[PDB]
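Asker: Sharing a structure here in structure tokens format.
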4 protein chains.
Amino acid sequence: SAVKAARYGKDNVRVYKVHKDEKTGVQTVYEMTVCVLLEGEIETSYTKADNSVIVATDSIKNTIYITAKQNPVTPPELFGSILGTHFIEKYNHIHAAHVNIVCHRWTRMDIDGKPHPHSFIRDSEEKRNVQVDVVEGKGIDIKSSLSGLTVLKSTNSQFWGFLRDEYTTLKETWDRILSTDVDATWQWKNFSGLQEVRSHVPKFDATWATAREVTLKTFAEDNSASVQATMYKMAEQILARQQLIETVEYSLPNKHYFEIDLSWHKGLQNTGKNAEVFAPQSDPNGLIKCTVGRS
Amino acid sequence: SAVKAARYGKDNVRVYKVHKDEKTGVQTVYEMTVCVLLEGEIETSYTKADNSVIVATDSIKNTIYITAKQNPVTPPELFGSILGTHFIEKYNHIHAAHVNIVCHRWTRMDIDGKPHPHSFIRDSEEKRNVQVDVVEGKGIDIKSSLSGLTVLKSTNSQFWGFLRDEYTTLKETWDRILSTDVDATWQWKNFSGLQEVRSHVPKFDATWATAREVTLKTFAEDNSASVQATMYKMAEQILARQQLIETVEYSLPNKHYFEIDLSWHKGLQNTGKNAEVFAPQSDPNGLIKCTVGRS
Amino acid sequence: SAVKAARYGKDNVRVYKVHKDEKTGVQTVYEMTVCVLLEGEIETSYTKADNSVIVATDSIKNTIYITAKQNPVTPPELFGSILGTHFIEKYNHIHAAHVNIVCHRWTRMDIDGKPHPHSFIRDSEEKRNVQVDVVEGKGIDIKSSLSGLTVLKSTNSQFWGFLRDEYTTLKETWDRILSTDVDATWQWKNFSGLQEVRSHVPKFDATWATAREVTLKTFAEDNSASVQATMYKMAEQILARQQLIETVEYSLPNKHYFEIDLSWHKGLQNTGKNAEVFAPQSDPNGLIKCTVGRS
Amino acid sequence: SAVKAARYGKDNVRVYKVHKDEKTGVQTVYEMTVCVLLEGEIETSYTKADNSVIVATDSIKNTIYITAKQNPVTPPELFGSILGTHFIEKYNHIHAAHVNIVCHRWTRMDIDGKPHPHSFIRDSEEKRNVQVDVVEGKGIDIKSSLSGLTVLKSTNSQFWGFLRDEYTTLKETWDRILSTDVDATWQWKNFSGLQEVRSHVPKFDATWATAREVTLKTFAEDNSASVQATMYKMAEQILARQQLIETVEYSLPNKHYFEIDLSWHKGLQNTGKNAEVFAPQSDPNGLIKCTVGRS
Ligand SMILES: [Cl-]
Ligand SMILES: [Cl-]
Ligand SMILES: [Cl-]
Ligand SMILES: [Cl-]
Ligand code: NA
Ligand code: NA
Ligand code: NA
Ligand code: NA
């Protein structure tokens, strides 16, 4: 036997950081969950009990905190790039660092219509994420995403004209609920290293903003022919608005809301145009995915 | 042996309802999870295989949907009262109905700074809940709550002057993070039946609004001496603002954020006044509770 | 306003303990999650910022570990009694201690048909729990339970003869699947204090064993007329087998498995006697409860 | 823009099947969660609102149930192969089917030391899984796995000799707890189609058994130098015992159990050789991965 692939590190490292403006009194908080996995000339730790090649995961954890103390943790694309660069430069035998960051929301509270200088609310488990792969000799590959963005529209979703054969029982519809949990990823042009990442820092927050805005507006305004068609529209617009993105990926569940026929009870009409009460279905769910790139 | 208590019903009944204004085109959605448990002269179903006394849980489920179709589902206090009243009036041998409703957020989206007529976002897993106990001969007892309201303040929390003995290692502090998940319950005066509940309908939404507003403002503005002291302030104000409430209950975890001493690494200062990076702790957590009533 | 009730402490305290027999080499592990909430003359911590009455939750945590170091952690009924007794005896102003313990399974592995001296497997998330309320002047109240015991029988469950009216659509059946998650609680006679608890120590493990055995055998062997009827049989037998128990509580969801009519596809027969493939339903679910005591 | 990749289908399809031996009365149950995602000439559903190319996900769901009715659902490798083959053969324009199956445990109960003919227990959330990729022109690629296998050993784990630099604070140890959740995958030689899969059917259950046996025995018996070294040993042995496997993948978290220094309290000794009470840590955790193939 032989090692064909190996990576190891520390997962689920929770990190908080606060910024305090001494002058204004305004504090700003950041909270994330970090995973760092390293690759390199480490096979002998697996095959020969050779721990000398192991940068301890506990040290990896320490390094995350130390890096957060000495550097900005925002935008996460930059922080992840700094962190991954550290490992491959510090350790001659480590040749790749894989950094995943989940960013948790702490939105400043508005109290009596005024933003509060140090109090925050978790407005949703929606996450902003990055996957930053720092590979010696191959630059920095960044995938940015938003996830856990849960939405519903009560009309202006349709689904008709699909294939019908002996396995088909679904009725065509010209008016249904559409609800999903949005998982949207935008994949950046390869960066040659940390300098290039730094040169584009403002684009990270701006592109996340765009992705979220486009997602919401398209979902709300598209009289959807299918999840496929709507998600593609979202992806097209994001690519058109940021040339440094190469591809956009969407992964969308169709979280079904079923009509409930109540006509067995006193002739109650609750279907079609009379549909008011529905049964949200926990499972199963459609799952629709696509990766869109430039033509 | 003998049955000392018995209740049975349907749990986890997911319910959606839409309201459509034909004239404006504006649609409004509601989504909840309902549990209904009945009590009554049903012991023989347990002891003698006598299913004639069982209103099937599947029928209970149907009844929830039917009631939602024929009545407003908002405020949940009213809907729960209507539902529970139905069971004890419809079935001579059923003498209590216990209705729990979890209300899920569907906040109307703002697109290009305009509210969208039929698209919604789940802004947080914060829930609005009711527990409505309809008991024949004893009216309607309603407990209203908000839960899953997660907040953090980065300063203006303190904890000193607590008991110190041979089991104590916690250092006193004059400046710490405070983060919690708010579980707040307001218990209404008993109502004699559905008419009385109906007579107060506007107070349900208004009191939920007050409870949430007071919670957020007190959390943000109180330079907290302890979780105990802050939560009490919240409870006092809610009672002062709605005389139909008899008691206010808070259940608050203290979700710890630990300082990280980095001085072992290059003399880095990250404690006390220099504390910027912290380790959020998943467990354990303080848990602080109180029920406040009128003096 | 005034405090009507108050309790506070540390939740989610994870605890592991190992026993090592130096002579045999056999190691035995225990893992639990502990919650301790105290009550007493502590209202001024809520109303007057008086932290002198607060035994810090962090000290409560320390105390849990210290108690685990100096005492057996098994059976959990004893450990909880020792822990709660400590708080009310140590602190004059603390008059009640509420101890909840969740015990996690670490079953010794069998390797090559021989029990291994120090390796364990989590065979299920089934838990063994205790709720131990130590109240000054009122002894020790113990509720013991098993939870998360998930079972299924593929036949020998029936449900017919239930009430049928205009809200009923459920068909009667003489052969259905029954699956549940068992939550079973046995409530002990009040104990006057720690000595009395100690005098009965062997009965705690033996009664848990009995409760589990009776539950499984009755579930497997009862041709069930209803969940109500089956659970009552379980409760009767436990009470008959341990006189120090006063009541038995069961809380059982009916986790539905629906038939799937496939006759629309090539006349496939998959209902009634031909039913082979079913759709497990995540929600809703029946929920059936009862407390059984002595006649 | 253009579609670079696309796949869609039904996720979270829960499936139960029962086998009843009319002659013996012995019933056998199977429960799984199925996901099927299709690829093919479907881009126009995304780009041109062309739903004619969509095999509805609801039809995919129906097909899963129908296939389960007409075929064995065990071993899951075979069932997944049959299912995926169906889609690519039935639909000219569908060229790949990706089938994921999660198998849930229903272990026959032993009542009074005799196996019960129709009652089962979920002994753990350990899963047996398959990923079966049926690609037209490229056969059937199967990855089999076990997951959620949670284990602990209380000694005979070590970790010393790792790299030490200015980021290192972890002390070397010659005796620690090791606990993990095992995720083990064995990747089969490509099969040319369904016939070849069928020709090897007995090897699927036997190799799963081997993987599990080797995992448990190696974990229990290896005086572990590191997670890396132990997992490699597991992978080597599985490859040696089934030549139709090409690679073995392990993904193992190191779920830390920290010592607790209690010497501040009455000089209590609870570290090193005196360590009895530990604090299980929910996060962070080491994460160790490797893929092992043939030299
Ligand atoms: Cl779908
Ligand atoms: Cl606390
Ligand atoms: Cl039921
Ligand atoms: Cl580790
Ligand atoms: Na390097
Ligand atoms: Na009645
Ligand atoms: Na006392
Ligand atoms: Na095809």
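We number chain A the way Swiss-Prot does; in order, the residues shown are 2-296.
Positions of Cβ are set from backbone N, Cα and C atoms, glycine also.
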Asker: Look at the 5-hydroxyisourate binding annotation in Swiss-Prot, where A:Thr58, A:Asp59, A:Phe160, A:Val228, A:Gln229, A:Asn255 are given, and name the residue from A:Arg177, A:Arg199, A:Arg213 listed for that site too.
Answerer: A:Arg177
Asker: Which residues does A:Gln229 (urate binding site) neighbour through Cβ under 8 Å, counting only same-chain ones at least six apart?
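Answerer: The answer is A:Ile289, A:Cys291.
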Asker: What's the CA-CA gap between A:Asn255 (urate binding site) and A:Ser2 (N-acetylserine) in angstrom, rounded?
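Answerer: A Cα-Cα distance of 44 Å.
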Asker: Rank the recorded positions A:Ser2, A:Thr58, A:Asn255 by how many other Cβ atoms lie within 10 Å of each Cβ and give me the one with the fewest.
Answerer: A:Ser2
Asker: Anything within 10 Å of A:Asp59 (urate binding site)? Look among the recorded positions A:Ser2, A:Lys11, A:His257, comparing CA atoms, and list what you find.
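Answerer: For A:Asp59 (urate binding site), the recorded positions whose Cα atoms are within 10 Å come to A:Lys11.
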Asker: Which residues, sitting 6 or more apart from A:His257 (active site, charge relay system) on the same chain, put a CB under 8 Å from its CB?
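Answerer: The answer is A:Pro281, A:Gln282, A:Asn286, A:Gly287.
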Asker: Taking ligand 1 as the reference, state which of the recorded positions A:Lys11, A:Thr58, A:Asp59, A:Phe160, A:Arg177, A:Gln229 have a Cβ closer than 6 Å to one of its atoms.
Answerer: none
Asker: Taking only the Cα atoms, work out how far A:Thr58 (active site, charge relay system) lies from A:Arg177 (urate binding site), in Å, as a whole number.
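Answerer: Pair distance, Cα basis, whole Å: 50 Å.
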Asker: Among the binding-site residues A:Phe160, A:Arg177, A:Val228, which residue has the fewest other Cβ atoms within 10 Å of its own Cβ?
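Answerer: Among the binding-site residues A:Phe160, A:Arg177, A:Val228, the sparsest Cβ neighbourhood within 10 Å belongs to A:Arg177.
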Asker: Taking the Cβ of A:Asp59 (urate binding site) as the centre, count every other Cβ atom within 10 Å, in any protein chain shown.
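Answerer: Within a 10 Å radius of the Cβ of A:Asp59 (urate binding site) lie 20 other Cβ atoms.
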